[PDB]
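[1] Take this sequence and fold it.
(5 chains, ligands or ions: 2)
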Amino acid sequence: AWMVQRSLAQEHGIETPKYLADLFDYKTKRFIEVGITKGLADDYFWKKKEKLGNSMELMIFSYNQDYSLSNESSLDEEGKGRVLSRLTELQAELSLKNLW
Amino acid sequence: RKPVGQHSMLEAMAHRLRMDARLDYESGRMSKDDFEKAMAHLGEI
Amino acid sequence: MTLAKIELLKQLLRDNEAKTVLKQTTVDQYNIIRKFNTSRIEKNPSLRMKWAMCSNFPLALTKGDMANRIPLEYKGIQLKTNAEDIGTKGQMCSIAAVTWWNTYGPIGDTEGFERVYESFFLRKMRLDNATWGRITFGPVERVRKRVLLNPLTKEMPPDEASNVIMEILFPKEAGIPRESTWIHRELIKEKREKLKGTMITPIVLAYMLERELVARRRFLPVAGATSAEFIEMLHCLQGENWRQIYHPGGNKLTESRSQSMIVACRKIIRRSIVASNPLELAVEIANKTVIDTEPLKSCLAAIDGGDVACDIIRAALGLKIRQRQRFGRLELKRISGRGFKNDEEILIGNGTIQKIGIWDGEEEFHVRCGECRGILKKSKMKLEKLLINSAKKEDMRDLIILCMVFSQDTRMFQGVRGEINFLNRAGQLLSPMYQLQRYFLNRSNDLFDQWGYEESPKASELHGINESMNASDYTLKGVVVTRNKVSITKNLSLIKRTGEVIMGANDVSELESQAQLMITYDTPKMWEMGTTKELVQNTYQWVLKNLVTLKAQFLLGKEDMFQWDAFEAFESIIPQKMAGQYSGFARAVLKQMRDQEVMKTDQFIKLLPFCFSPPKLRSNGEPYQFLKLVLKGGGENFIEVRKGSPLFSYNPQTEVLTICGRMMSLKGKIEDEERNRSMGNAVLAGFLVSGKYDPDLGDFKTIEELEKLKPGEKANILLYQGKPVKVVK
RNA sequence: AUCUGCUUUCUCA
RNA sequence: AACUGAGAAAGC
Ligand SMILES: *O[C@H]1[C@@H](O)[C@H](n2cnc3c(N)ncnc32)O[C@@H]1COP(=O)(O)OP(=O)(O)OP(=O)(O)OC[C@H]1O[C@@H](n2c[n+](C)c3c(=O)[nH]c(N)nc32)[C@H](O)[C@@H]1O
Ligand SMILES: [Mg+2]
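    Numbers count the residues shown, from 1 in each chain, chains lettered A, B, ... in the order given. Ligands and ions are numbered 1, 2, ... in the order given. The coordinates are given below.
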């Protein structure tokens, strides 16, 4: 993972993000982080920013349909809706089985 | 520097070569047909 | 060649054994299979080389066009083996092939050699642009110290250097970006751009970089010069009996100049204090002292720093006193104060009792560190106040930590909870304060935890700060933040015009440390600034050379033979407390030998140097009594009155005097009756021999008992093992 | 105030 | 069928 991150950073000439990210976007030529929470998405987004701030874009998804993306809207709402539906399905199944 | 990792040498080599091929293609070092050959070889690997 | 590498990987995976090796072996286990070797390596490479050189083709060629340029045979000499066994065999060549390549082979480019071995080229430049002084033959006391082998311009810890090398040469597979990757970003980028146009092997470049960066420190015997530029020539600098003056080329850091200047000033003062009119001798020596290649006066003028000794020498030489101190990253200037250093069994937080150097009295210092300034007021083991100015967070933290350590606050000592070593693996004494500073620079959390916090100042300008380096509501106890000519006495005492002593010779640190640079003394009596063993050997050699005249004067003269320059220099290594007692004891013994017919020449030589200081007899008017006269420096530097000593032993059988390991001969300066003469009359002051071991008297009486005897009272004295005698007052 | 990557050779144990 | 530990040196 670190090899991929450093290779992409060198190729695109962007300073290496100090922490291992989740994905790298060629179109944006940047990094994308994914933090899956269960409460407010904005609070977890701010918590992530307090340590990262401007290192890379942040995407936050919550099982309660609450989300928080970066300042740039790139993905269409279809994928966001699909991800939210998948998370809601997982949460509902876990709660039904008393696993939540 | 000694390379660390609990994963197979083949896995590390394949991922490194895939990243190198993708960077070469994006930067234009490698031709599109050469990139296709590299991707096919890696897939069969 | 990503596509070619992928094709090679597919080709290798076409082999089942290689396929399973790659699949099963992990990345960590690669390091194991890299060392796989079915056949054990031979263990006599010298014999193997002598055997192979007497063969046809011991060398192995590298397949390619360059190997093809080598002719099969040259003038009937088969350079390389025939190529009829190409199939999975390999190729070989003779050393004659190497010579042929060096003679007629293609002319390549040397830029790679210049780049890779730039360190050795700099070493050669330092050697060539260097001047040699004169070789001096005489005793040299070398101390084993951990010194840097080669000079460096940016020395970094090995892990930091390894990370820098990985960033420079392997940016992609470098791992996590660490602190080093940031604090050395400029150097990493500069090296990457410089190494961009290079086809040299990456591993060779990495070793070049580590040679340029990593510091190789080894334990070596050094004598007055420990700078790496001197360590690389140590083999020529000096031995156990000779010393070559050497002036290395290249630029020298001013830190080494300051350290060598401090050492030189301390030596000058230590040699001058015992002299009559110490100021005159101190000035005379300082005017003929050279630090590496510059006079001491110029170094003192041009160095904005030093210690008490440097200030004293500056005042003696006419330069202004720069009352500045260095405590690592911290630089201080004594605004005002006064304190006498003492050794205190300080209890450390982790239950360790150490004889740490503690200062007493109110003292104020204009302190600075990095880009931050402040004023530190302190007392005995307490930080009275610390008013710091606004600056960078890291610089402010460094200043606060260093001031805490400097103040020797009791909380600071109690704040040590961890592994702290005040003694090196060789048993040499590390500076306790500097070790505490090093510990607290990194593990600073506990120091602030135990320091305590009080209410932040509410004054007009004073606002306090906390561990976050922000103006928090609570401040560190005793710490506040704000946004806003001498004369020297004969005895080397610095006095203001008012009449107050500000610094004195007694305030000079007694530590005897090797100079960073080579200190030279361009005076005939340059050995008088040497170590204890060197001084002892030189003084006794002077006594031996002038033994005839010294003895004649002693038999004829009464008191004029006890005053000499050599003995004055020898006095500088006798502690002041015991100097007078030693003088009284030795003078009494020599006079008792002279007045009677008992004249042990070896004892006369042994005790004569100690008869220089003014006698300090006991309260009853009788001289003290000693078994060993302990000299300054080291536990083995002492003279045994009766037995032999590491610094002075006598062999009557061969009449050979072993002083500091050097054997002189008294054959020629001796009386054959001396061997029969009893040693008991040259051991105790005011004691003569009367007979053999007398059982009636009792057991051997010690020094305390012997001093309390009355006149005409016999006692048993053990001159040495197996030699008891009976002595009287 | 200097202490806080391996292989081979030689010495020592 | 050339081991263990330590030290120094050299090479990668
Ligand atoms: O290399 C040694 C010494 O020569 C060197 N040193 C000392 N001073 C300087 C300067 N000014 N420039 C460059 N190098 C310098 O550092 C090593 C110190 O060894 P040593 O001589 O043993 O130091 P000392 O015996 O003086 O005790 P130490 O705690 O190390 O202090 C050295 C220096 O700092 C002064 N100092 C320390 N403390 C805690 C002091 C204090 O509480 N109060 C006062 N007035 N001074 C304090 C020492 O007096 C020296 O000035
Ligand atoms: Mg993660």
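[2] Isn't residue B:14 up against residue B:42?
    Yes. With contact defined as C-beta atoms under 8 Å, residue B:14 counts as touching residue B:42 (6.1 Å). Where C-beta positions appear, they are placed from N, C-alpha and C, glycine not excepted.
[3] who has more neighbours, these two?
    Using other C-beta atoms under 10 Å in any protein chain shown as the criterion, residue B:14 and residue B:42 rank with residue B:14 on top: 19 against 16.
[4] From RNA strand D, how far out is that one?
    According to C-beta to the nearest atom of the strand, to the nearest Å, residue B:14 stands 27 Å off from RNA strand D.
[5] which helices and strands does the longest helix seen in chain A pack with?
    Counting by DSSP state H, the longest helix found in chain A is helix A:77-96. Judged by 3 or more C-beta pairs under 8 Å, 6 or more residues apart in numbering or on different chains; DSSP states H and E, helix A:77-96 is in contact with strand A:57-62.
[6] Just checking: what are the partner strands of the strand it packs on?
    strand A:30-37 (parallel), strand A:67-68 (antiparallel) (DSSP bridges).
[7] Now the helix or strand following the longest one: buried residues?
    Right, strand A:30-37. Using DSSP states H and E, the next helix or strand after strand A:30-37 towards the C-terminus is helix A:41-51. Neighbour-count burial for helix A:41-51, counted by 16 or more other C-beta atoms under 10 Å in any protein chain shown, picks out A:41, A:44-45, A:48.
[8] Distance to residue C:247 added to those residues, as JSON lines?
    JSON lines is the format used below for the buried residues of helix A:41-51 (distance: C-beta to C-beta, whole Å):
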{"residue": "A:41", "distance to residue C:247": "71"}
{"residue": "A:44", "distance to residue C:247": "66"}
{"residue": "A:45", "distance to residue C:247": "65"}
{"residue": "A:48", "distance to residue C:247": "61"}
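[9] between the residues you listed, which is nearest ligand 1?
    The closest of those to ligand 1 turns out to be residue A:48 (C-beta to the nearest ligand atom; 45.7 Å).
[10] Run a quick check on that closest one versus residue A:58, I expect a contact.
    Yes. Using C-beta under 8 Å, residue A:48 makes contact with residue A:58 at a distance of 5.2 Å.
[11] circling back to that earlier point, out of the strands paired with strand A:57-62, flag the one nearest residue C:576.
    In terms of C-beta to C-beta, the element of the strands paired with strand A:57-62 nearest to residue C:576 is strand A:30-37, at 71.5 Å.
[12] Kindly export that closest one (C-alpha atoms) in PDB.
    The C-alpha coordinates for strand A:30-37 follow below in PDB (Å, rounded to 0.1, in the frame of the first residue of the first chain):
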ATOM      1  CA  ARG A  30      -5.400  13.200  -5.400                       C
ATOM      2  CA  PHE A  31      -6.200  10.800  -2.500                       C
ATOM      3  CA  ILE A  32      -9.600   9.700  -1.200                       C
ATOM      4  CA  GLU A  33     -10.200   8.500   2.400                       C
ATOM      5  CA  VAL A  34     -13.200   6.400   3.500                       C
ATOM      6  CA  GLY A  35     -14.300   6.500   7.100                       C
ATOM      7  CA  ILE A  36     -17.400   4.400   7.900                       C
ATOM      8  CA  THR A  37     -19.100   5.700  11.000                       C
END
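[13] and the angle from that strand to helix A:77-96?
    Strand A:30-37 and helix A:77-96 meet at an angle of 30 degrees, taking axes from the mean of the first three to the mean of the last three C-alpha atoms, to 10 degrees as the criterion.
[14] And strand A:30-37, how far out from the chain middle?
    Chain-centre distance of strand A:30-37: 2 Å, with C-alpha atoms, centre = their mean, to the nearest Å.
[15] Using the neighbour-count criterion, name the buried positions in that strand.
    A:30-33, A:35, A:37.
[16] want to try a markdown table for the residues you listed, with distance to residue B:18 as columns?
    Listed next are those as a markdown table, based on distance: C-beta to C-beta, whole Å:
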| residue | distance to residue B:18 |
| --- | --- |
| A:30 | 20 |
| A:31 | 19 |
| A:32 | 19 |
| A:33 | 22 |
| A:35 | 27 |
| A:37 | 32 |
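[17] Get me the contact residues on chain C for ligand 1.
    Neighbours of ligand 1 within chain C, by C-beta under 6 Å from any ligand atom: C:258-259, C:262, C:305-307, C:324-327, C:339, C:357, C:359, C:363, C:406, C:408, C:431, C:433, C:509, C:511, C:513.
[18] Then chain B?
    Residues of chain B lying near ligand 1 (C-beta under 6 Å from any ligand atom): none found.
[19] Now do the same contact list for the residue in chain B that ligand 1 sits nearest to.
    With C-beta to the nearest ligand atom, the shortest gap between chain B and ligand 1 falls at residue B:1, namely 36.3 Å. Residues near residue B:1 by C-beta atoms under 8 Å, 6 or more residues apart in numbering or on different chains: C:162, C:166, C:170.
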